[PDB]
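Note that the sequence shown covers residues 2 to 14, 18 to 179, 192 to 241 in the authors' numbering.
Even for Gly, the Cβ is constructed at its ideal location relative to N, Cα and C.
Below is one structure; the comments refer to it alone.
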Amino acid sequence: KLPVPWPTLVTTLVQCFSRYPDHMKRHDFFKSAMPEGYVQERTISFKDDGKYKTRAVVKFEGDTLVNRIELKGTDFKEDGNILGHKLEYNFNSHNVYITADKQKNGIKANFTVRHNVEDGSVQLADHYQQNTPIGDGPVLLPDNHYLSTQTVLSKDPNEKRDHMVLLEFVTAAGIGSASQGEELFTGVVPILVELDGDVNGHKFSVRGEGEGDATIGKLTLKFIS
Numbered sequence: 002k003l004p005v006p007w008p009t010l011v012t013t014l018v019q020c021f022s023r024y025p026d027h028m029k030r031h032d033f034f035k036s037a038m039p040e041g042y043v044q045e046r047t048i049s050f051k052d053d054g055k056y057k058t059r060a061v062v063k064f065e066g067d068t069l070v071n072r073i074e075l076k077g078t079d080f081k082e083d084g085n086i087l088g089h090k091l092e093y094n095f096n097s098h099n100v101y102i103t104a105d106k107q108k109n110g111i112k113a114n115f116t117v118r119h120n121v122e123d124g125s126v127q128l129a130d131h132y133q134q135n136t137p138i139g140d141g142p143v144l145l146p147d148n149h150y151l152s153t154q155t156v157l158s159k160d161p162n163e164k165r166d167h168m169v170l171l172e173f174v175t176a177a178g179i192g193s194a195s196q197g198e199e200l201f202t203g204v205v206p207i208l209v210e211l212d213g214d215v216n217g218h219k220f221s222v223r224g225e226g227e228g229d230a231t232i233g234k235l236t237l238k239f240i241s
């Protein structure tokens with residue numbers, strides 16, 4: 002059993021699978037960084053509770069898009085919504101606001117996730133994000149825009165392990193290929209996710225597998241603890 006609720010890990014567990025409409029293709033940093041990939045770092049501040057600090061490497065390994073993350077959680081409350089497992093098993097729609105970070109040749113993002121709590125309250129998870137390309141090749145630095153998300157969470161009835169089935173759609177909004197990296201996403205791409213976590217000393221790991229179809233902004237993944 003994970004020591005934190007599955008919904009709190011959704012944003013940490018591949019924005020290169022977002023659908024960028026044709027008029028916005030010049031603003032897709034995530035795909036432009038491929039195949040060498042990017043480092044994605046966040047601080048996630050759970051209001052009135054602790055924080056996650058995450059560092060991920062997102063890159064291709066052969067045909068597979070891999071997201072490997074180290075997560076460190078500190079300052080959580082014993083009977084808070086996170087360590088107390090008081091969050092509903094669902095996920096709200098969010099708008100991820102992206103800005104260019106010209107000095108880091110990358111991007112920043114900010115957004116606040118709303119986690120529904122079982123008593124009808126809301127737990128906020130304030131996200132600060134920075135992404136830096138790994139390669140030396142040119143990348144696309146975007147104008148200000150956002151990603152609009154939709155996520156559904158479910159279970160595999162045949163799976164005895166603690167797990168999460170996730171389906172997600174993401175479209176960019178708020179504004192031939194525009195990068196060579198974009199062309200690595202034209203069809204269905206297998207995904208592997210590996211997370212190593214420690215939250216207030218509770219150690220855990222998650223492995224996810226599935227596929228992404230960036231033409232429709234879709235992710236299909238199953239994660240196991």
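Residue i in three-state terms, based on DSSP
i	result
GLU74	strand
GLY197	helix
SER221	strand
residue 180	Missing from the coordinates: residue 180, inside the break in the chain from 179 to 192.
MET168	strand
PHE239	strand
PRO8	helix
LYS55	strand
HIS98	coil
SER36	helix
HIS89	coil
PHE21	helix
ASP105	strand
Inter-residue CB distance, residue i and residue j (contact presumed, cutoff 8 Å)
i	j	result
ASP32	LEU200	Not quite, the Cβ-Cβ distance comes to about 12 Å (not below 8 Å), so this is no contact.
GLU122	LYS90	5 Å
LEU237	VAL11	10 Å between Cβ atoms; not a contact.
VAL209	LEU14	5 Å
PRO6	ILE86	7 Å
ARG23	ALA230	6 Å
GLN19	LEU151	7 Å
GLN44	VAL70	Actually they are not in contact, since the Cβ atoms of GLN44 and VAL70 sit about 12 Å apart, beyond 8 Å.
Which residues DSSP lists as bridging residue i, in chain order
i	result
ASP130	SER49, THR116
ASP212	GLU74, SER221
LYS63	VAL70
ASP229	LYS234
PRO206	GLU227
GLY139	For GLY139, which the question treats as bridged, DSSP gives no partner whatsoever.
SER158	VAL169
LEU145	DSSP, once it has assigned bridges, lists no residue as partnering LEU145.
Beta-carbon proximity check, residue i vs residue j, cutoff 8 Å
i	j	result
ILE207	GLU163	no
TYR93	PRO8	yes
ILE232	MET28	no
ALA129	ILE73	no
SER221	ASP166	no
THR153	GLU172	yes
Would you say the region 130–142 touches the region 23–42, given that touching needs at least three Cβ pairs under 8 Å? Contact annotation: the region 130–142 touches the region 23–42, with at least three C-beta pairs closer than 8 Å.
Taking three-plus beta-carbon pairs below 8 Å as touching, is the region 107–125 in contact with the region 74–82? By the criterion of at least three beta-carbon pairs nearer than 8 Å, the region 107–125 is not in contact with the region 74–82.
Can you find at least 3 beta carbon pairs, one from the region 146–160 and one from the region 53–72, that sit closer than 8 Å? Under the 8 Å Cβ criterion, the region 146–160 does not count as touching the region 53–72, having fewer than three qualifying pairs.
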